[PDB]
Each structure stands twice: as structure tokens, then as C-alpha cells.
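# enclosed are the sequence and the experimentally obtained structure.
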Amino acid sequence: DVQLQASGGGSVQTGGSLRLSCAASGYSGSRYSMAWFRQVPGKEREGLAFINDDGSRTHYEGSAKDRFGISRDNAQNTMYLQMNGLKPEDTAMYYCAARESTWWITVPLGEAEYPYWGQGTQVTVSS
Ligand SMILES: [K+]
């Protein structure tokens, strides 16, 4: 019984920043490992950024390595994606996902590794 709520999307100018949040509700004693995925128009949904239970490991896909940051606040069961230097090509539907098992050696990259998803949040970047 895990529920995820993604928020923080909207319209932003090219060059700007946006922070997305994903809040998990689980009464259990697990700090879920979590991820952001996005689907840009015309493309398959793809992994973007990944964080384990305590934020001791992160992984970024593509230019998120240079521009984006993922973090989490385990005192309020929320993770964040800070996107800086946004470009029109970052216009997409953004999704967060969660799984019970943590990780260290191997990043769980596939969608199938995450049983729990939230509804997407649209980000639109315009010059
Ligand atoms: K990064």
C-alpha cells in the first residue's frame, strides 16, 4: 500500500530551473528506493535519475549527469529532482517510481524494477 504523488511541474523559460518532488506514503519501515523517468514527445519513456534508500548512491542518465540533481529527505519521505539549465528538449511528462529494495553495486534501471508509480507531471520549457 504505497502511494506516490509527483508535483512541481509547469512552464519554465529556457535556462531556468525547476524542482520536482515525489512524496511517498508507506506505513511500513522501508525507505523505498526511487527514480524519475520522463517521456519526451515521440520517444519512449526513459530513466532519468535514481536514488537509493538513504541517498548514498545516485545515478543520472544523459545530460542529467551535468545539469540535474536528485536528493531525498527521509524525515518526510520525499525525494526531489532539481533540474537546472532547462532546454526546450526537456519538455516531457515526468514520472516518479519506487521499489522496496535498496541498491549499491547495481542501479535498477528498468521500469519493471519499480512496482509503484505516480501520475506524471508535465514540464514545458519555452524560449
Ligand atoms: K547530476
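Received, thanks. Numbering: from 1, shown residues only.

# mind telling me which residue of this protein is nearest the ion?
Using C-beta to the ion, the single residue of the chain nearest to the ion is residue 60, 4.4 Å away. Heads up, the C-betas are built off the backbone N, CA and C, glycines and all.

# tell me the bridge partners for that residue.
Taking DSSP bridges as the rule, residue 60 bridges to residue 49.

# isn't it right up against residue 81?
No - in this structure residue 60 lies outside contact range of residue 81 using C-beta atoms under 8 Å: 10.0 Å.

# ok, the residue nearest the centre of the chain - contacts?
By C-alpha atoms, centre = their mean, the chain has its centre lying nearest to residue 36, at 2.2 Å. By C-beta atoms under 8 Å, 6 or more residues apart in numbering, residue 36 lies in contact with 20, 22, 47-50, 70, 81, 94-97.

# repeat that for residue 10.
Here residue 10 is in contact with 18, 122-124 (C-beta under 8 Å, 6+ apart).

# for the closest residue to residue 115 other than its chain neighbours, list each beta-bridge partner.
If the residues on either side of it in the chain are set aside, residue 115 comes closest to residue 99, at 6.1 Å by C-beta to C-beta, 6 or more residues apart in numbering. Per DSSP bridges, the residues bridged to residue 99 are residue 33.
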